[PDB]
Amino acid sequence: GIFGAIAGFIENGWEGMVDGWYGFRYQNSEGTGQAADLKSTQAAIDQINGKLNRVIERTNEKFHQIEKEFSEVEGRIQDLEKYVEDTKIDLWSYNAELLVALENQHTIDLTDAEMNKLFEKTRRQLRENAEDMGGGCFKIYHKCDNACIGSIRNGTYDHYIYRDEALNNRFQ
């Protein structure tokens, strides 16, 4: 991955996160929890669906063409009929091998990129009240119960409320 988050600074995925592609796990005063993030998940799915719309259920109608198998030998004009079909197939085969390879490199990148977007988004919320521990975890420098964690997940965490307390716990 190009951003180095998935299979990077995040050691591994969570197999117990069945209701999302991206999300949080927390440990606070009320216990340890888990929770998916629907926005980021949907961002990744939608792009992936975007690619599927271009490739799936997309075919040309074709009718009469040229013969591609032969009973007798006929030299020149059959050599030509064969070469044409052989040339066409090799060219379409290349196009397919390349389409997939490209899209896949890009799928892995845009997912890795969405994981990084969530981390940056959350970093901005928490502001001076937490620090990057590495591994994808923040250490929040104030008591933050389940409601408080929800406010971060909801996108409604006002950092000014805990700022003074937090600065004190970081430096003293």
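Each residue number is its position in the shown sequence, starting from 1.
Peer 1: Return whichever of 53-61 and 114-122 has the greater mean Cα B factor according to the PDB record.
Peer 2: Result of the comparison: 53-61.
Peer 1: Going by the B-factors listed in the PDB entry, is the mean over the C-alpha atoms higher for 154-162 or for 21-29?
Peer 2: On average, C-alpha B-factors are higher across 154-162.
Peer 1: Going by the recorded CA B-factors, say which third of the chain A43 sits in, lowest, middle or highest.
Peer 2: CA B-factor rank for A43: middle third.
Peer 1: Using the B-factor values recorded in the entry, state whether the Cα atom of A130 falls in the lowest, middle or highest third among the modelled residues of its chain.
Peer 2: Within its chain, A130 is a middle-third residue by C-alpha B-factor, going by the deposited values.
Peer 1: Compared with the other modelled residues in the chain, in which third is the CA B-factor of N146?
Peer 2: Its C-alpha B-factor belongs to the highest third of this chain's values.
Peer 1: What third of the chain, by the recorded C-alpha B-factor, contains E74?
Peer 2: Within its chain, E74 is a middle-third residue by C-alpha B-factor, going by the deposited values.
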